[PDB]
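**Student:** Following this message is one structure expressed as structure tokens.
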Amino acid sequence: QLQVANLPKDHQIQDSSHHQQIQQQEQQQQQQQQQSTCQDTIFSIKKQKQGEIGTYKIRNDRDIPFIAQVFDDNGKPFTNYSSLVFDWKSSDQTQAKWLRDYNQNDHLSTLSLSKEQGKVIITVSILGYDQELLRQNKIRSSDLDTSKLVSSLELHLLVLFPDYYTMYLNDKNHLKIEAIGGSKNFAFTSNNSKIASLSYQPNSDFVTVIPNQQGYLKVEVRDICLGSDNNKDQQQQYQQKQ
Amino acid sequence: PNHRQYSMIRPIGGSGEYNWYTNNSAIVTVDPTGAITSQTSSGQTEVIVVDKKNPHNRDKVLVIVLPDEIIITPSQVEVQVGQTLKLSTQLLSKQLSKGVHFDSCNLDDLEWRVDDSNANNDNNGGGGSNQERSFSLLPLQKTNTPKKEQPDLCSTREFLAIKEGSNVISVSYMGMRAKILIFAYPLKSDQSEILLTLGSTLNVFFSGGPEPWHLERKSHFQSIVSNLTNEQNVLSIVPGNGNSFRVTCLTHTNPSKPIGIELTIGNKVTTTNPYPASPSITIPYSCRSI
């Protein structure tokens with residue numbers, strides 16, 4: 001099977017601060033609600049049947065590591081399988097492209113994505129056992145049914161409007177603001193409810209604005225399945241050069 | 001230790017009147033009728049019957065109090081959306097001969113679950129949306145106590161198929177554990193009546209029915225035949241590519257013998273699917289102004 005390679009983070013020292021378990025459960029309960037509608041995303045990979053290619057939604061403009069997970073046909077993953085030769089492929093190397101990491105034959109590989117929107121199929125195969133590792137151990141080759149040793153995924157590559165408006169102050173004069181681009185799972189916020197009220201429904205593309213007082217409303221949006229680009233920790237590291 | 005177990009020994013012959021005894025009442029007690037009950041202790045004991053009218057007529061039974069392992073008892077695992085699936089459980093001991101069970105099991109309180117196949121990372125107490133699952137575990141009713149459908153069965157549950165696809169089911173008790181995989185699926189034609197002129201020909205198409213059984217696949221079949229032991233003079237049936245076939249007209253269909261073509265799709269019985277799905281559908285046929 002293909003899976004996304006969730007690398008470990010750095011092993012920072014294990015402090016025993018119990019408070020971390022609360023913020024882990026706060027995130028797990030949010031994730032359990034989000035798992036109702038995140039189901040189409042690359043983080044929601046359901047274990048495929050042999051040849052059962054799944055469509056998964058993914059955001060463009062990034063590199064992503066993948067792992068080729070190998071099993072026996074009792075269904076156990078193998079404890080080590082570093083004697084097999086792998087074959088990493090894409091239907092279009094403009095839309096999505098394997099890099100030139102050192103081990104182009106390994107059970108791990110890195111996929112670069114374009115800056116576009118569109119669709120591309122990724123695949124991994126096994127070609128056989130390495131004959132040179134078998135020869136060094138003096139072992140005979142045994143010939144693999146590689147027709148059963150292929151796995152594939154389809155990647156689907158993926159703003160408020162109006163961005164500025166002038167609302168005449170009357171209790172009947174309401175503006176619609178709509179969320180162009182994202183998962184269609186949105187949460188809307190504003191700077192000051194004393195200037196205007198927001199009104200929206202669950203799983204709405206849009207929010208309605210109702211004028212309470214003169215001034216400036218600002219309206220903002222979070223994606224429930226894709227988040228928000230405000231990843232400050234990486235912005236701290238780049239500020240020294242940028 | 002909490003769940004005392006019960007059985008009944010029966011005497012045959014003698015003067016019709018008995019006394020009962022146990023050689024160890026801390027392992028098993030017996031009543032005046034021949035019912036036996038396990039007590040606080042495991043191990044081995046004897047239960048004895050004695051004729052009242054002359055105590056030389058007597059006999060005895062060995063009772064042993066012992067388990068290792070739990071299974072889900074084999075049943076069907078391919079079912080339609082909108083139907084229920086029965087699963088039961090059974091206890092084993094590695095002291096028993098292969099093909100022998102316990103004579104009775106009352107252990108109904110088992111830790112039955114539905115498992116979700118994507119739940120890899122998130123150690124979080126989130127109320128996950130009960131919309132994405134193919135299956136659900138049904139509540140135990142608080143109606144009158146049922147008779148178990150067999151006496152060796154620890155517990156029984158039904159699972160409702162809500163959505164197409166599959167879930168894993170799991171069970172635990174005192175560290176013993178079992179699991180099974182269950183599937184939610186129905187079969188259809190495009191054509192509802194095949195009415196053709198002499199020599200006319202039609203292509204026919206179908207959807208649903210079982211996947212070739214995961215582990216073996218050569219156990220699968222599609223089958224297409226008409227309701228006459230004599231077909232080759234009336235119609236020609238020819239299988240197509242994938243879920244398609246062809247019907248070619250040969251001679252007139254007699255109205256006092258309405259013809260049906262049956263399409264069957266299923267898995268054959270194997271050592272990995274003992275109770276497979278094999279649905280069919282019958283399709284009406286006829287050969288006959290402007």
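Naming works like this for the structure tokens: A, B, ... for the chains as they're shown, residue 1 at the start of each chain, ligands 1 onward in shown order.
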Residues of chain A no more than 9 Å from chain B, counting only C-alpha atoms: send them over as a ChimeraX atom specification.
**Tutor:** /A:21-37,39,44-47,49-50,73-74
**Student:** For C-alpha atoms, I'd like the residues from the last selection saved as an mmCIF file, in the first residue's frame.
**Tutor:**
```cif
data_model
loop_
_atom_site.group_PDB
_atom_site.id
_atom_site.type_symbol
_atom_site.label_atom_id
_atom_site.label_comp_id
_atom_site.auth_asym_id
_atom_site.auth_seq_id
_atom_site.Cartn_x
_atom_site.Cartn_y
_atom_site.Cartn_z
ATOM 1 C CA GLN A 21 -2.737 15.576 27.755
ATOM 2 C CA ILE A 22 -5.594 18.158 28.017
ATOM 3 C CA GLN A 23 -4.474 20.055 24.866
ATOM 4 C CA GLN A 24 -4.010 16.670 23.097
ATOM 5 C CA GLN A 25 -7.659 15.730 23.983
ATOM 6 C CA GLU A 26 -8.912 19.249 22.926
ATOM 7 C CA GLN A 27 -7.267 18.640 19.508
ATOM 8 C CA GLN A 28 -8.490 14.980 19.301
ATOM 9 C CA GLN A 29 -12.137 16.061 19.976
ATOM 10 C CA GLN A 30 -11.843 18.811 17.292
ATOM 11 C CA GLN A 31 -10.261 16.202 14.931
ATOM 12 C CA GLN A 32 -13.134 13.705 15.644
ATOM 13 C CA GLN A 33 -15.680 16.405 14.609
ATOM 14 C CA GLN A 34 -13.495 17.410 11.579
ATOM 15 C CA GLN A 35 -13.216 13.672 10.555
ATOM 16 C CA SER A 36 -16.908 13.860 9.464
ATOM 17 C CA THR A 37 -15.942 16.241 6.544
ATOM 18 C CA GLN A 39 -12.791 12.445 4.566
ATOM 19 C CA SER A 44 -8.005 10.497 5.421
ATOM 20 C CA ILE A 45 -6.481 7.585 3.368
ATOM 21 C CA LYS A 46 -8.709 4.492 3.860
ATOM 22 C CA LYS A 47 -6.980 1.092 3.276
ATOM 23 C CA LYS A 49 -8.238 -3.140 -2.058
ATOM 24 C CA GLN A 50 -5.693 -4.357 -4.665
ATOM 25 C CA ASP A 73 -0.907 -11.867 2.495
ATOM 26 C CA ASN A 74 -1.992 -12.787 5.999
#
```
**Student:** Near range 74-84 of chain B, within 6 Å and counting only C-alpha atoms, which residues show up once chain neighbours fewer than 6 positions away are dropped, as a VMD selection string?
**Tutor:** chain B and resid 158 to 163 182 to 185 275 277
**Student:** So, counting only C-alpha atoms, which residue among A:59, A:89, A:172, A:138 is closest to residue 43 in chain A?
**Tutor:**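 Under the stated criterion, the closest residue is A:59.
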**Student:** From the options B:227, B:57, B:5, B:244, which residue's atoms come nearest to residue 103 in chain B, counting only C-alpha atoms?
**Tutor:**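 Checking each of B:227, B:57, B:5, B:244 against residue 103 in chain B, counting only C-alpha atoms, the winner is B:5.
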**Student:** Would you mind writing down, as an MDAnalysis selection string, each residue of range 119-234 of chain B that DSSP on the backbone assigns to strand (DSSP E)?
**Tutor:** chainID B and resid 135:137 153:161 165:173 176:184 188:189 194:196 201:207 220:226
**Student:** Could you take the residues named above and write them with C-alpha atoms, as a PDB file, in the first residue's frame?
**Tutor:**
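Here's the written file part_20.pdb:
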```
ATOM      1  CA  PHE B 135     -21.834  -0.454  10.029  1.00  0.00           C
ATOM      2  CA  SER B 136     -23.238   0.180  13.542  1.00  0.00           C
ATOM      3  CA  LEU B 137     -23.460  -2.058  16.672  1.00  0.00           C
ATOM      4  CA  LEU B 153     -22.138 -19.179  22.590  1.00  0.00           C
ATOM      5  CA  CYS B 154     -20.800 -16.545  25.025  1.00  0.00           C
ATOM      6  CA  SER B 155     -22.626 -13.519  23.501  1.00  0.00           C
ATOM      7  CA  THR B 156     -24.475 -12.507  20.271  1.00  0.00           C
ATOM      8  CA  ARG B 157     -24.899  -9.124  18.493  1.00  0.00           C
ATOM      9  CA  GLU B 158     -26.479  -7.695  15.369  1.00  0.00           C
ATOM     10  CA  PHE B 159     -24.793  -4.991  13.263  1.00  0.00           C
ATOM     11  CA  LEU B 160     -26.871  -2.680  10.998  1.00  0.00           C
ATOM     12  CA  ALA B 161     -25.432  -1.812   7.552  1.00  0.00           C
ATOM     13  CA  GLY B 165     -18.194  -0.462   2.106  1.00  0.00           C
ATOM     14  CA  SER B 166     -16.860  -2.200   5.281  1.00  0.00           C
ATOM     15  CA  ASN B 167     -15.925  -1.993   8.986  1.00  0.00           C
ATOM     16  CA  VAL B 168     -13.815  -4.201  11.272  1.00  0.00           C
ATOM     17  CA  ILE B 169     -15.614  -5.585  14.371  1.00  0.00           C
ATOM     18  CA  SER B 170     -13.637  -6.345  17.582  1.00  0.00           C
ATOM     19  CA  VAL B 171     -14.195  -8.071  20.973  1.00  0.00           C
ATOM     20  CA  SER B 172     -12.263  -8.355  24.275  1.00  0.00           C
ATOM     21  CA  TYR B 173     -12.574 -10.039  27.707  1.00  0.00           C
ATOM     22  CA  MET B 176      -8.565 -12.544  25.246  1.00  0.00           C
ATOM     23  CA  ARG B 177      -9.424 -10.805  21.898  1.00  0.00           C
ATOM     24  CA  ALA B 178     -11.109 -11.487  18.532  1.00  0.00           C
ATOM     25  CA  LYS B 179     -11.722  -9.480  15.279  1.00  0.00           C
ATOM     26  CA  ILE B 180     -13.610  -9.908  11.945  1.00  0.00           C
ATOM     27  CA  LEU B 181     -14.119  -7.798   8.728  1.00  0.00           C
ATOM     28  CA  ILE B 182     -17.704  -7.269   7.377  1.00  0.00           C
ATOM     29  CA  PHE B 183     -18.998  -5.805   4.057  1.00  0.00           C
ATOM     30  CA  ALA B 184     -22.101  -3.785   2.981  1.00  0.00           C
ATOM     31  CA  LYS B 188     -29.378  -4.909 -11.073  1.00  0.00           C
ATOM     32  CA  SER B 189     -29.963  -5.207 -14.873  1.00  0.00           C
ATOM     33  CA  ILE B 194     -36.138  -8.247 -23.656  1.00  0.00           C
ATOM     34  CA  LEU B 195     -38.639  -8.079 -26.588  1.00  0.00           C
ATOM     35  CA  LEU B 196     -37.009  -8.705 -30.020  1.00  0.00           C
ATOM     36  CA  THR B 201     -29.998  -9.005 -31.074  1.00  0.00           C
ATOM     37  CA  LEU B 202     -29.500  -6.940 -27.876  1.00  0.00           C
ATOM     38  CA  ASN B 203     -26.622  -6.170 -25.463  1.00  0.00           C
ATOM     39  CA  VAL B 204     -27.519  -6.270 -21.708  1.00  0.00           C
ATOM     40  CA  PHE B 205     -25.586  -4.695 -18.789  1.00  0.00           C
ATOM     41  CA  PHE B 206     -25.454  -5.238 -15.001  1.00  0.00           C
ATOM     42  CA  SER B 207     -24.354  -3.560 -11.732  1.00  0.00           C
ATOM     43  CA  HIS B 220     -15.938 -15.932  -7.716  1.00  0.00           C
ATOM     44  CA  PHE B 221     -18.465 -16.453 -10.529  1.00  0.00           C
ATOM     45  CA  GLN B 222     -20.893 -14.757 -12.856  1.00  0.00           C
ATOM     46  CA  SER B 223     -23.516 -17.160 -14.372  1.00  0.00           C
ATOM     47  CA  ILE B 224     -26.110 -16.505 -17.138  1.00  0.00           C
ATOM     48  CA  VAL B 225     -28.719 -19.162 -18.202  1.00  0.00           C
ATOM     49  CA  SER B 226     -32.412 -19.398 -19.277  1.00  0.00           C
TER      50      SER B 226
END
```
**Student:** Compile the contact shell of residue 13 in chain B as a ChimeraX atom specification: residues with an atom at most 12 Å away, counting only C-alpha atoms, same-chain residues fewer than 3 positions apart removed.
**Tutor:** /B:10,16-18,49-51,57-59
**Student:** Produce a file of the selected residues containing N, CA, C and O atoms, as a PDB file, in the first residue's frame.
**Tutor:**
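Here's the written file out_25.pdb:
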```
ATOM      1  N   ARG B  10     -28.429 -36.120  34.461  1.00  0.00           N
ATOM      2  CA  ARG B  10     -29.706 -36.850  34.527  1.00  0.00           C
ATOM      3  C   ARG B  10     -29.494 -38.353  34.778  1.00  0.00           C
ATOM      4  O   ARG B  10     -28.740 -38.972  34.026  1.00  0.00           O
ATOM      5  N   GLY B  16     -36.379 -45.292  40.716  1.00  0.00           N
ATOM      6  CA  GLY B  16     -36.999 -43.987  40.466  1.00  0.00           C
ATOM      7  C   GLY B  16     -36.777 -42.932  41.555  1.00  0.00           C
ATOM      8  O   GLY B  16     -37.294 -41.826  41.432  1.00  0.00           O
ATOM      9  N   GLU B  17     -36.021 -43.240  42.615  1.00  0.00           N
ATOM     10  CA  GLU B  17     -35.723 -42.301  43.698  1.00  0.00           C
ATOM     11  C   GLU B  17     -34.245 -42.286  44.083  1.00  0.00           C
ATOM     12  O   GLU B  17     -33.620 -43.328  44.289  1.00  0.00           O
ATOM     13  N   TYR B  18     -33.719 -41.074  44.257  1.00  0.00           N
ATOM     14  CA  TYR B  18     -32.287 -40.813  44.339  1.00  0.00           C
ATOM     15  C   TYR B  18     -31.903 -39.964  45.557  1.00  0.00           C
ATOM     16  O   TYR B  18     -32.726 -39.233  46.111  1.00  0.00           O
ATOM     17  N   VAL B  49     -24.744 -40.140  42.284  1.00  0.00           N
ATOM     18  CA  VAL B  49     -26.162 -40.458  42.515  1.00  0.00           C
ATOM     19  C   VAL B  49     -26.300 -41.825  43.190  1.00  0.00           C
ATOM     20  O   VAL B  49     -25.582 -42.763  42.847  1.00  0.00           O
ATOM     21  N   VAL B  50     -27.226 -41.960  44.140  1.00  0.00           N
ATOM     22  CA  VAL B  50     -27.453 -43.203  44.901  1.00  0.00           C
ATOM     23  C   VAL B  50     -28.946 -43.502  45.018  1.00  0.00           C
ATOM     24  O   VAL B  50     -29.710 -42.650  45.465  1.00  0.00           O
ATOM     25  N   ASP B  51     -29.358 -44.718  44.664  1.00  0.00           N
ATOM     26  CA  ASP B  51     -30.737 -45.209  44.790  1.00  0.00           C
ATOM     27  C   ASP B  51     -31.170 -45.268  46.267  1.00  0.00           C
ATOM     28  O   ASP B  51     -30.499 -45.892  47.096  1.00  0.00           O
ATOM     29  N   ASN B  57     -27.085 -49.673  44.386  1.00  0.00           N
ATOM     30  CA  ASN B  57     -27.309 -49.139  43.044  1.00  0.00           C
ATOM     31  C   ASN B  57     -26.966 -47.641  43.031  1.00  0.00           C
ATOM     32  O   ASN B  57     -27.641 -46.830  43.669  1.00  0.00           O
ATOM     33  N   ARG B  58     -25.878 -47.285  42.348  1.00  0.00           N
ATOM     34  CA  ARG B  58     -25.301 -45.936  42.312  1.00  0.00           C
ATOM     35  C   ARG B  58     -24.368 -45.767  41.117  1.00  0.00           C
ATOM     36  O   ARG B  58     -23.837 -46.761  40.621  1.00  0.00           O
ATOM     37  N   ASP B  59     -24.163 -44.519  40.706  1.00  0.00           N
ATOM     38  CA  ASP B  59     -23.285 -44.128  39.596  1.00  0.00           C
ATOM     39  C   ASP B  59     -22.681 -42.724  39.844  1.00  0.00           C
ATOM     40  O   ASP B  59     -23.118 -42.024  40.766  1.00  0.00           O
TER      41      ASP B  59
END
```
**Student:** Set the distance at 9 Å and use only C-alpha atoms: which residues neighbour residue 267 in chain B once local chain neighbours fewer than 5 positions away are removed? I'd like the list as an MDAnalysis selection string.
**Tutor:** chainID B and resid 210:213 217:221 273 275:278
**Student:** Just C-alpha atoms for this one: save the residues we selected as a CSV table (one decimal), in the first residue's frame.
**Tutor:**
```
chain,number,residue,atom,x,y,z
B,210,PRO,CA,-20.2,-9.5,-4.9
B,211,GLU,CA,-16.5,-8.6,-5.5
B,212,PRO,CA,-14.2,-11.6,-6.2
B,213,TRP,CA,-13.5,-12.9,-2.7
B,217,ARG,CA,-10.8,-14.6,-6.1
B,218,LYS,CA,-11.0,-17.8,-8.3
B,219,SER,CA,-13.9,-18.7,-6.0
B,220,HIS,CA,-15.9,-15.9,-7.7
B,221,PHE,CA,-18.5,-16.5,-10.5
B,273,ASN,CA,-15.4,-17.6,3.1
B,275,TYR,CA,-21.0,-18.5,4.0
B,276,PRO,CA,-20.6,-16.3,0.8
B,277,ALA,CA,-23.0,-14.0,-0.9
B,278,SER,CA,-24.5,-15.3,-4.2
```
